[PDB]
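One chain follows as structure tokens, the form solved without ligand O1J.
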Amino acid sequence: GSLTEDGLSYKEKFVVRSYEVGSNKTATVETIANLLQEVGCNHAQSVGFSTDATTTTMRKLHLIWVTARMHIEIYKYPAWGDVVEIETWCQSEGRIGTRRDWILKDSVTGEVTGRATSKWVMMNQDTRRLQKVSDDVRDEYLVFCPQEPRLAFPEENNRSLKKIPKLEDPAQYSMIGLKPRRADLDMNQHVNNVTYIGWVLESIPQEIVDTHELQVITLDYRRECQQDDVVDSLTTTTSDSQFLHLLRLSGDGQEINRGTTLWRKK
């Protein structure tokens, strides 16, 4: 993959692998989510950030970016053996954080098959206290980002920015006792952001997955699941089919995530 001519975005092609596809022999939303993460890391690499991102300033003040929110819309899931091209870029939202956006194209047709936007907040690793992006951080970051606004989701008041409410007991559907295994951890032994997308979708009934395709997912990240936590995944039909989602620790019921999904009849 490569930076574009202007150096303000990054493109990469992926051939969809046999184990990456589900029952329709097309990429799972988890495979898509993994590719977005991979092209994100390859963009950070190419512009001299750490890949574990962190600029030299925020390493000094032991600071890290963590996802507050992920939003993905898929028009077409690529088939097994298809080539998908993904472009990604980053933008400042002042001291309110950072945004990473993706566009997914059919390499052959050049048609837009999906888009995603993610909101990222600055956190002290150790104390894990959120804070506002600090001055010297912004400057060091703006030289890699378009100066004029560039939005995967430009429509003024669009799905990617809706407030998500808290599912109330009792849930229509549940999957309880979900635990991450070593394959679910990243290189720093934290649970991979993508795992949580799998845990949300686990409480969706098999009838829906069999008769519908996932068109939209929005997921808020409230608190991390540690390697030795257990998770319950709750869903309620709010209607296309729509669902409200809650992931919570299996004991005390501490909220780790909430979200919404929209599904189209095949």
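In this text, rigid core is short for the largest set of C-alphas that superpose within 1.5 Å between two forms. Start at 1 and count along the sequence shown; that's the residue number. Shifts are known only where both forms have a C-alpha.
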| said: Does at least a third of the other compared PDB entries (those resolving both flanking residues) leave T211 without coordinates? | reply: no
Across other compared entries, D52 missing in at least a third:
yes
Of the deposited residues between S239 and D240, the number without coordinates is 10 or more
For the neighbouring pair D52 and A53, the stretch of deposited sequence with no coordinates amounts to 1 to 3
Going by the entry, of stretches 207-215 and 65-73 the one with greater average Cα B-factor is 207-215
Averaging the C-alpha temperature factors as deposited, the higher value of 196-204 versus 221-229 falls on 221-229
Among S18, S250, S9, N257, highest Cα B-factor in the entry goes to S250
Comparing C-alpha B-factors across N158, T113, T88, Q172 in this entry, the winner is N158
For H245, the third of its chain by CA B-factor is the lowest
Split the chain's modelled residues into thirds by Cα B-factor; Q147 lands in the highest
Of the three thirds of Cα B-factor ranks in this chain, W102 occupies the lowest
Assert third(CA B-factor, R182) within chain per record equals lowest
So, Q125's CA B-factor, relative to its chain, sits in which third? The middle
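Not pictured, yet referred to below: the form solved in complex with ligand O1J.
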Drop ligand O1J in from its pose in the entry with it bound via a C-alpha superposition round the site, and with the 3-atom, 2.4 Å backbone or C-beta test the pocket comes out open
Please determine whether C90 contacts ligand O1J in the entry with it bound, using a 4.5 Å cut-off between heavy atoms. yes
| message | Is it the case that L61, even though its partner is missing from this view, gets within 4.5 Å of ligand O1J in the entry with it bound, heavy atoms only? | response | no
- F153 near ligand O1J in the entry with it bound, any heavy atom under 4.5 Å? no
Q.
With the partner left out here, check for me: in the entry with it bound, does some heavy atom of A53 sit within 4.5 Å of ligand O1J?
A. yes
Contact check, 14-36 vs ligand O1J in the entry with it bound, heavy atom within 4.5 Å, ordered by sequence, gives none
Listed in sequence order, the shifted stretches between the shown form and the other one (at least 3 consecutive residues, every Cα moved by 2 Å or more, rigid core superposed) come to 50-52
